[PDB]
């Protein structure tokens, strides 16, 4: 890790607070006490990705984790990753993941508490 202090601090804050639907570039610039334009530029320069894309990526990867490791309904997962409504979450997840939340589960999930032994052998 060789990120500049401001970019490291911003990424740490996003990693902790992505569940907050009011988290914005401008709001992190307030926490860090810096120009939002400076912060936006430094994130893009050092991470190669904009604030919104970084935040969205973190959110969608957490959502994918929750889809596979819990049986939570989609609307709860949406809220836990910073979307007030599944209406916006569904679209964001499809674009980021290439599949709907439900199809992500159908293709990837398994129930760990059921018997998967081959008794027909």
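Residue numbers count along the first chain shown, from 1.
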Of 63 to 71 and 28 to 36, the stretch with the higher mean C-alpha B-factor in the deposited entry is 28 to 36
Of 101 to 109 and 13 to 21, the stretch whose C-alpha atoms average the higher B-factor in the entry: 13 to 21
Would you check the entry's CA temperature factor for residue 84 and let me know if it's in the chain's lowest, middle or highest third? highest
Residue 52's Cα B-factor: lowest, middle or highest third of the chain? middle
